[PDB]
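> Following this: a sequence and the matching experimental structure.
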Amino acid sequence: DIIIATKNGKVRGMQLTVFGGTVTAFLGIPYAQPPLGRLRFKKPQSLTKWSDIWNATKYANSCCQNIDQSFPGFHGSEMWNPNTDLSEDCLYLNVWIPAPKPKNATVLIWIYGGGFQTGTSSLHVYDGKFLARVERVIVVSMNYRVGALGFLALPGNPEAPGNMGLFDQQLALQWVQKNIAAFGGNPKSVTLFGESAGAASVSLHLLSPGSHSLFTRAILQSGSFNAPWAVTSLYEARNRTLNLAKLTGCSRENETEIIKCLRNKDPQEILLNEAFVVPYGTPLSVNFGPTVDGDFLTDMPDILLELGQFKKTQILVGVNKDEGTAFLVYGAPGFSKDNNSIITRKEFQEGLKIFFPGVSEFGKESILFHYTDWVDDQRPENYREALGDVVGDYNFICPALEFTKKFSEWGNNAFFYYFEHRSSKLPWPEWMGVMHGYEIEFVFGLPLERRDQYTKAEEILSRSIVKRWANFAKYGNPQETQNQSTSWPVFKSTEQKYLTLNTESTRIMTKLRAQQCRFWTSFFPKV
Ligand SMILES: *[C@@H]1O[C@H](CO[C@@H]2O[C@@H](C)[C@@H](O)[C@@H](O)[C@@H]2O)[C@@H](O[C@@H]2O[C@H](CO)[C@@H](O)[C@H](O)[C@H]2NC(C)=O)[C@H](O)[C@H]1NC(C)=O
Ligand SMILES: *[C@@H]1O[C@H](CO[C@@H]2O[C@@H](C)[C@@H](O)[C@@H](O)[C@@H]2O)[C@@H](O[C@@H]2O[C@H](CO)[C@@H](O)[C@H](O)[C@H]2NC(C)=O)[C@H](O)[C@H]1NC(C)=O
Ligand SMILES: *[C@@H]1O[C@H](CO[C@@H]2O[C@@H](C)[C@@H](O)[C@@H](O)[C@@H]2O)[C@@H](O[C@@H]2O[C@H](CO)[C@@H](O)[C@H](O)[C@H]2NC(C)=O)[C@H](O)[C@H]1NC(C)=O
Ligand SMILES: O=C(CC(c1ccccc1)c1ccccc1)NC[C@@H](O)CNCC1CCCCC1
Ligand SMILES: *[C@@H]1O[C@H](CO)[C@@H](O)[C@H](O)[C@H]1NC(C)=O
Ligand SMILES: *[C@@H]1O[C@H](CO)[C@@H](O)[C@H](O)[C@H]1NC(C)=O
Ligand SMILES: *[C@@H]1O[C@H](CO)[C@@H](O)[C@H](O)[C@H]1NC(C)=O
Ligand SMILES: [Cl-]
Ligand code: NA
């Protein structure tokens, strides 16, 4: 038996058998007063100490959220839905520590994605035991409030200031600082890493002064705050809030009176209305997300980035080959996970109307013109592939490249990756390629388990990525130094070198999506 004394009370863990060794796991440690009753929509509050032994032996509740439902019984979408009860009582975190207790281990903290509306840390693909076992790092992950209960904003009004989920994350970073030593971790070697909306969270911690001292380094997988979906303007945050207050019968004049009305509604009353606070959405709609609150974010983050106002440290940044395709089956016409989704030129034009609803007719012709310079005119997948690339280049790749250029221009080492391996167990059809979210299982080392029917090539690749990520955490340099690997060069503005990850041959390339990204980053803003 292992029991650890944390600054708030004793916690009891459990021991897991991994790869013929042992990992000690502490699942569901509370790290904040439960945000219930009058605490709804507030920043997380400090935890009251307990005298007993807390039995952190099962994953805790996941924060309230809407469950994905487009494909009932389909593992491709259900692997992402929560696997514990939904409750507002959900501010818990998990800790995996090597066996035996390490002396001064580097800590990796995971922040999951889910478009700031969904997510939970108990997903199978976020299991930190393999990293603990294989690399002797400590893995920490936390749950944070999502959707309206996590990001509803009437800015200035402390009854609902916005960024609550971000502050949840922050409080858990504070917990690791205050307690990870007791578990044998080094609070001075802490690396945030997250994917998608989690990677945008990580990026906002680089800007938040409150977070500057809570971590060492940062890994952004398929996400950054400069992505078009990542920050809600204060105008939209208030229209979205008033709309939700109308939809629930909570419109009052005194803005503080609205919040107490919203606090009396049931979580499902709010959750059911979240979809309609936007009149016309897109599949990338983030109805309740980060805002410039003047607390976590002291100014519009793009100004902070451009004027070097962020934590100076190393970053690891990267994207997947086919980021956009996932969104194509959540709304684009003629697309389906059950057929090859060959679409015509007309269907592609309505696809753009879906993803760019408020963009001029001239804007849409420019996208079309930029993305229909056929290598082979006769290829009938042409429009299908072009539409996924539009959505992927615009929503993930180009913003991550622009983030890495601007960040590295202030002198810190940056490393960029292009993940282009399609998991042999990927349940979505082949036309969807190397989708959003399906490098995570490689980062967490799931293919290291030989019983899981990943290929041998996948064991090698995951083993190399795990070593690169751990080396980045431990030493701020993502090399694999022992197995004649390709050396991973720094991303410099005036060359823009990146590393491709795959099974066949890891190579160095330059200026990824150069022409696409000039279009989206420089020209398209003018339309
Ligand atoms: C655990 O290790 C720290 C040092 O961690 C390293 O330095 C960090 C800045 C960061 O770069 C990490 O990735 C590194 O692994 C020890 O901290 C030192 O403690 C002495 C004690 O007198 C103090 O004088 C130093 O200023 C501290 N900082 C450094 C940088 O040396 C810490 O003592 C170690 N603790 C245990 C229990 O092993
Ligand atoms: C700001 O919000 C208003 C109100 O939104 C409407 O009411 C909400 C409760 C919710 O049900 C939304 O989906 C509604 O659309 C928006 O004004 C509406 O815009 C639509 C556009 O199709 C129009 O048909 C309605 O008549 C408008 N209703 C009112 C009362 O003005 C407005 O567009 C939002 N501003 C944005 C999104 O920039
Ligand atoms: C690919 O499928 C889409 C979606 O159709 C659904 O899935 C199919 C596998 C099959 O089960 C259909 O019966 C389902 O409706 C097809 O697009 C639909 O086309 C019909 C008729 O043209 C139209 O009424 C629907 O609104 C369309 N729905 C969507 C989401 O586009 C598409 O034609 C199929 N493409 C190919 C190449 O087979
Ligand atoms: O995952 C989200 C939000 C997210 C997104 C939405 C639809 C399709 C794909 C991803 C997102 C929205 C906006 C900006 C970035 C990411 N919601 C809960 C729910 O739908 C689950 N997701 C869908 C799957 C589809 C394949 C892999 C990714 C996850
Ligand atoms: C914690 O778990 C141990 C072992 O299963 C059990 O004996 C003990 O009663 C539990 N304590 C509490 C407070 O649940
Ligand atoms: C709104 O309510 C709060 C709390 O009751 C009060 O302090 C504030 O003065 C009220 N504002 C207005 C404009 O009535
Ligand atoms: C390097 O290669 C050996 C076998 O040749 C393998 O067992 C080991 O896990 C590899 N390490 C990494 C980090 O790829
Ligand atoms: Cl054509
Ligand atoms: Na390429």
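Great, that's in hand. Residues are numbered from 1 along each chain as shown. Ligands and ions are numbered 1, 2, ... in the order given.
> What parts of the stretch 151-300 of the chain come near ligand 1?
By the rule Cβ under 6 Å from any ligand atom, the part of the stretch 151-300 of the chain lying against ligand 1 is 186, 188-189, 216. Where C-beta positions appear, they are placed from N, C-alpha and C, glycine not excepted.
> Let's have those in CSV, adding secondary structure and distance to residue 252.
CSV is the format used below for these (DSSP: H, G, I helix; E, B strand; the rest coil; distance: Cβ to Cβ, whole Å):
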residue, secondary structure, distance to residue 252
186, strand, 50
188, strand, 48
189, strand, 49
216, coil, 46
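> what's near enough to touch the residue in the chain that ligand 4 sits nearest to?
When scored by Cβ to the nearest ligand atom, the chain has residue 115 as its residue closest to ligand 4, at 2.8 Å. By Cβ atoms under 8 Å, 6 or more residues apart in numbering, the contact set of residue 115 is 196-197, 229, 284, 286, 289.
> For residue 104, see how far away residue 346 is.
Here residue 346 is placed at a distance of 62 Å from residue 104 (Cβ to Cβ, to the nearest Å).
> hmm, I was thinking of residue 492
32 Å.
> Neighbour count for these two, which is higher?
Set side by side, residue 492 and residue 104 show more neighbours around residue 492, with 14 against 11, by other Cβ atoms under 10 Å.
> still on that earlier bit, tell me which two of the contacts of residue 115 sit farthest apart.
Taking Cβ to Cβ, the two most distant members of the contacts of residue 115 are 196 and 289; they sit 12.1 Å apart.
> show me the contacts for the residue of the stretch 51-200 of the chain found nearest ligand 5.
With Cβ to the nearest ligand atom, the shortest gap between the stretch 51-200 of the chain and ligand 5 falls at residue 55, namely 3.8 Å. By Cβ under 8 Å, 6+ apart, residue 55 lies in contact with 11-12.
> do the same with the one 5 residues further on
The contact partners of residue 60, taken as Cβ under 8 Å, 6+ apart, are 27-28, 30, 84, 90, 92, 122, 143.
> swap the cut-off to 7 Å and go again
28, 84, 90, 92, 143 (Cβ atoms under 7 Å, 6 or more residues apart in numbering).
> burial measure for the nearest residue to the third one once chain neighbours are set aside, as a count.
The spatial neighbour of residue 90 that comes closest, neighbours along the chain excluded (Cβ to Cβ, 6 or more residues apart in numbering), is residue 63 at 4.0 Å. Each residue near residue 63 was counted by other Cβ under 10 Å, and the total is 29.
> And what about the spatially most central residue of the chain, helix, strand or coil?
If you average the C-alpha coordinates of the chain and look for the closest C-alpha using Cα atoms, centre = their mean, you land on residue 198, 2.2 Å from that point. For residue 198, the secondary-structure state derived from DSSP: H, G, I helix; E, B strand; the rest coil is helix.
> How about the one 4 residues further on?
Taking three-state DSSP as the rule, one finds residue 202 in the helix state.
> what's near enough to touch it?
Under the criterion of Cβ under 7 Å, 6+ apart, the contact partners of residue 202 comprise 111, 192-194, 218, 220.
> mind redoing it with 6 Å?
If you count contacts by Cβ atoms under 6 Å, 6 or more residues apart in numbering, residue 202 has them with 111, 192, 194, 218, 220.
> thought the third one was touching residue 111?
Yes: with contact defined as Cβ atoms under 6 Å, residue 194 reaches residue 111; the gap is 3.5 Å.
> just the contacts of residue 202 now: which is nearest ligand 3?
Checking the contacts of residue 202 against ligand 3 with Cβ to the nearest ligand atom, the nearest one is residue 194 at 31.4 Å.
> The residue in the stretch 201-350 of the chain positioned nearest to ligand 6: neighbour count?
Proximity of the stretch 201-350 of the chain to ligand 6 (Cβ to the nearest ligand atom) peaks at residue 254, 3.8 Å away. Here the count is done by other Cβ under 10 Å, and residue 254 has 8 residues near it.
> Any figure for the gap between it and ligand 7?
In this view, residue 254 and ligand 7 are 60 Å apart by Cβ to the nearest ligand atom, to the nearest Å.
> and what of residue 423?
18 Å.
> Let me know the secondary structure of that residue.
Assignment for residue 423 (three-state DSSP): coil.
> got the buried residues for stretch 373-387?
By neighbour count with 16 or more other Cβ atoms under 10 Å, stretch 373-387 contains the buried residues 382-387.
> what's the closest of those residues to ligand 2?
The nearest one, if we look at the buried residues of stretch 373-387 relative to ligand 2 and count by Cβ to the nearest ligand atom, is residue 387, at 24.9 Å.
> Next up, the contacts around the closest one.
With contacts defined as Cβ under 6 Å, 6+ apart, residue 387 is in contact with 348, 351.
> same deal with residue 388?
By Cβ under 6 Å, 6+ apart, residue 388 lies in contact with 324-325, 328.
> Stretch 478-487 spans what distance, first to last residue?
Counting by Cα to Cα, to the nearest Å, you get 9 Å between the two ends of stretch 478-487.
> hmm, back to that, what's the spacing between the residue of the chain closest to ligand 4 and residue 68?
Counting by Cβ to Cβ, the gap from residue 115 to residue 68 is 11 Å.
> cool, and residue 293?
If you measure residue 293 against residue 68 using Cβ to Cβ, the figure is 28 Å.
> Assign the residue of the chain closest to ligand 4 to one of the three secondary structure states.
Secondary structure assignment for residue 115 (three-state DSSP): coil.
> if we can go back for a sec, residue 145 is in contact with the residue nearest to residue 90, correct?
Yes: taking contacts as Cβ under 6 Å, residue 63 lies within contact range of residue 145: 5.0 Å.
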